[PDB]
Amino acid sequence: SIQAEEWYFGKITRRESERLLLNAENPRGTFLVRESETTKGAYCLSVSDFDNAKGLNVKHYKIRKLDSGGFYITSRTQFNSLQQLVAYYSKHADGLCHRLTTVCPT
Ligand SMILES: N#Cc1ccc2cccc(OP(=O)(O)O)c2n1
């Protein structure tokens, strides 16, 4: 169960995920998974990034879950679980601003 996962912050807003992630000490790829504020049955993967242009900033990717069972940010790349998705994205940047590195501190 994802609710048991330490990177699962459940019902928090986008602003709040940005408040937690916009901390000077978070390295690129700090992340958390939360509920989508407006897309039901979707989660949101909030991820911190950093570059000399934008400085420290956050990106939000919608995680869809099919009734067919798979989870995904892009339908081309599916997984049997949220946990597997997270693990995959901890190893590949793909279309993300950065590979998942560290669970957003509280
Ligand atoms: N599409 C879209 C879309 C566009 C703007 C959004 C603003 C706040 C929260 C949202 O949902 P989320 O970040 O997924 O919690 C949004 N979703």
# chains A, B, ... in the order shown; residues from 1 in each chain; ligands from 1
call {"tool": "select_by_dssp", "arguments": {"residues": "region 35-106 of chain A", "states": "alpha helix (DSSP H)", "output": "JSON, numbers by chain"}}
result
{"A": [82, 83, 84, 85, 86, 87, 88, 89]}
call {"tool": "residues_near_ligand", "arguments": {"ligand": "ligand 1", "cutoff": "9 Å", "atoms": "only C-alpha atoms and all ligand atoms", "output": "ChimeraX atom specification"}}
result
/A:12-15,34-39,42-46,59-63
call {"tool": "closest_residue", "arguments": {"among": "A:69, A:16, A:102, A:22", "to": "residue 86 (chain A)", "atoms": "only C-alpha atoms"}}
result
A:102
call {"tool": "residues_around", "arguments": {"residues": "residue 28 (chain A)", "least_positions_apart": "3", "cutoff": "10 Å", "atoms": "only C-alpha atoms", "output": "list in words"}}
result
residues 21, 25, 31, 47, 48, 49, 50, 51, 56, 57, 58, 97, 98, 99, 100, 101 and 102 of chain A
call {"tool": "write_last_selection", "arguments": {"atoms": "N, CA and C atoms", "output": "mmCIF file, in the first residue's frame"}}
result
data_model
loop_
_atom_site.group_PDB
_atom_site.id
_atom_site.type_symbol
_atom_site.label_atom_id
_atom_site.label_comp_id
_atom_site.auth_asym_id
_atom_site.auth_seq_id
_atom_site.Cartn_x
_atom_site.Cartn_y
_atom_site.Cartn_z
ATOM 1 N N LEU A 21 9.260 21.294 -0.965
ATOM 2 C CA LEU A 21 10.362 21.050 -1.895
ATOM 3 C C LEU A 21 11.250 22.249 -2.203
ATOM 4 N N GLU A 25 18.221 23.201 0.884
ATOM 5 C CA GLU A 25 18.957 21.989 1.129
ATOM 6 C C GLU A 25 18.564 20.764 0.304
ATOM 7 N N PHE A 31 11.651 14.390 -3.977
ATOM 8 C CA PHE A 31 10.311 14.194 -4.491
ATOM 9 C C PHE A 31 9.325 13.694 -3.447
ATOM 10 N N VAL A 47 8.474 17.001 -7.968
ATOM 11 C CA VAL A 47 9.940 16.832 -8.001
ATOM 12 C C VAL A 47 10.729 18.129 -7.989
ATOM 13 N N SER A 48 11.738 18.251 -7.133
ATOM 14 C CA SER A 48 12.521 19.477 -7.149
ATOM 15 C C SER A 48 13.591 19.427 -8.259
ATOM 16 N N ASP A 49 13.913 20.599 -8.800
ATOM 17 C CA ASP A 49 14.944 20.735 -9.816
ATOM 18 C C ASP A 49 15.777 21.946 -9.421
ATOM 19 N N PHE A 50 16.854 22.186 -10.160
ATOM 20 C CA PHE A 50 17.737 23.317 -9.917
ATOM 21 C C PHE A 50 18.617 23.537 -11.158
ATOM 22 N N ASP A 51 18.702 24.788 -11.612
ATOM 23 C CA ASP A 51 19.583 25.190 -12.708
ATOM 24 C C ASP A 51 19.925 26.669 -12.498
ATOM 25 N N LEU A 56 16.266 27.086 -7.871
ATOM 26 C CA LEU A 56 15.486 26.003 -7.255
ATOM 27 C C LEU A 56 13.997 26.115 -7.619
ATOM 28 N N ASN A 57 13.445 25.070 -8.204
ATOM 29 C CA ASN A 57 12.057 25.110 -8.624
ATOM 30 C C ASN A 57 11.404 23.721 -8.564
ATOM 31 N N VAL A 58 10.085 23.657 -8.728
ATOM 32 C CA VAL A 58 9.407 22.361 -8.675
ATOM 33 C C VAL A 58 8.583 22.037 -9.924
ATOM 34 N N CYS A 97 12.317 16.166 -14.963
ATOM 35 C CA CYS A 97 13.347 17.158 -14.758
ATOM 36 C C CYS A 97 14.610 16.550 -14.161
ATOM 37 N N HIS A 98 14.471 15.400 -13.522
ATOM 38 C CA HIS A 98 15.619 14.765 -12.909
ATOM 39 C C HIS A 98 15.157 13.437 -12.362
ATOM 40 N N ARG A 99 16.096 12.512 -12.208
ATOM 41 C CA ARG A 99 15.764 11.200 -11.665
ATOM 42 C C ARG A 99 15.436 11.431 -10.197
ATOM 43 N N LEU A 100 14.552 10.611 -9.654
ATOM 44 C CA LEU A 100 14.149 10.712 -8.255
ATOM 45 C C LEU A 100 15.363 10.365 -7.404
ATOM 46 N N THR A 101 15.757 11.272 -6.520
ATOM 47 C CA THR A 101 16.904 11.013 -5.672
ATOM 48 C C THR A 101 16.587 10.806 -4.183
ATOM 49 N N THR A 102 15.895 11.765 -3.585
ATOM 50 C CA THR A 102 15.616 11.716 -2.169
ATOM 51 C C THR A 102 14.172 12.089 -1.807
#
call {"tool": "atom_distance", "arguments": {"atom1": "CA of residue 103 (chain A)", "atom2": "CA of residue 6 (chain A)"}}
result
7.4 Å
call {"tool": "closest_residue", "arguments": {"among": "A:68, A:1, A:29, A:106", "to": "residue 93 (chain A)", "atoms": "only C-alpha atoms"}}
result
A:29
call {"tool": "atom_distance", "arguments": {"atom1": "CA of residue 9 (chain A)", "atom2": "CA of residue 94 (chain A)"}}
result
23.5 Å
